[PDB]
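In the form deposited in one PDB entry, a lone chain appears below as structure tokens.
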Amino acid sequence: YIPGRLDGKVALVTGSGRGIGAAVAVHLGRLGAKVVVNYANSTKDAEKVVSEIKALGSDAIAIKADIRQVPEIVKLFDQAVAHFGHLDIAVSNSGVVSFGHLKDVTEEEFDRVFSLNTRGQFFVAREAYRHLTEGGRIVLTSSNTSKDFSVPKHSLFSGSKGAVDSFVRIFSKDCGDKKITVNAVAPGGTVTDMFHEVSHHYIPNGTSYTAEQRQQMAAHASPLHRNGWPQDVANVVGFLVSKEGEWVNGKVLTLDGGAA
């Protein structure tokens, strides 16, 4: 046994087709876990993640699922256990962002967001509980916008993550009967491909700045004067799913480099 490591463990990571999820999947592999790379869209992209994990010396497989469809969540977890023999760790990075003043939010938009961010993650947790070995780990994704950061025209997404915060605290009570801990990570300002698409929403008069000015301003929000990156989130997930993270249970950790 090596401390911090996940040798002999099997992990499943959702949302591995975006920046954070992909960094998480690779990092659990680097730590010694075999990894089920779950993803929603590009199979080519997901196989690149599998390939990285294999190059590091750990085994991996890509299994697709639409997390909006609960029957596909069931099949994903069944297939995970059938392929690797058991499952110890489940990490959800499944989510979509949304912006708009309350007055303009449609039924369709509310459902698009909640079906994945809140309902999807709830049922990922349910299937993880059902499938996990005793002493396992569940981590969901919240956001600094849930409690710690107030963005106008961001009510729908903020609420979708406030639900997750409450879920994890109570999930820890129920999942204790299998000695599984349940936590969430709540990232702030993480730079990925898609950050520059939406960075204007987060500051007054955002569209009057360049993408680079907006990235630099977000950097200054942390007193460390750098942006958050997918690896910053992966580093914390890695500790939570380790043996040494056990006594953190039922909690949401805001990961914004000290901004709040």
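We number the residues from 1 along the sequence you see.
Looking at mean Cα B-factors across 29-37 and 211-219, the upper value is held by 211-219. Here 11-19 and 246-254 are compared by their mean Cα B-factor, and 11-19 comes out higher.
Out of 134, 148, 72, 109, it is 134 whose C-alpha atom has the highest B-factor in the PDB entry. In the PDB entry, residue 79 places in the highest third of its chain by CA B-factor. Per-chain ranking of the deposited C-alpha B factor places residue 85 in the highest third. Among the modelled residues of the chain, residue 159 sits in the lowest third by CA temperature factor in this PDB entry. Split the chain's modelled residues into thirds by C-alpha temperature factor. Residue 67 is in the middle one. Ranked by Cα temperature factor within the chain, residue 55 sits in the highest third according to the deposited record.
Beyond what is shown, the protein has a form deposited with a small molecule bound; the following relates to that form.
Only one of 125-133, 165-173, 144-152, 80-88 lies within 4.5 Å of the small molecule in the bound PDB entry by heavy atoms, and it is 144-152. Contact annotation for residue 214: at least one heavy atom lies within 4.5 Å of the small molecule in the bound PDB entry.
Using a 4.5 angstroms threshold between heavy atoms, residue 218 counts as touching the small molecule in the bound PDB entry. The small molecule in the bound PDB entry is not approached by residue 58, whose heavy atoms all lie more than 4.5 angstroms from it.
Using a 4.5 angstroms threshold between heavy atoms, residue 198 counts as touching the small molecule in the bound PDB entry. The putative spot formed by 189, 194 and 202 is fully lined by the small molecule in the bound PDB entry; each residue has a non-hydrogen atom within 4.5 angstroms of it.
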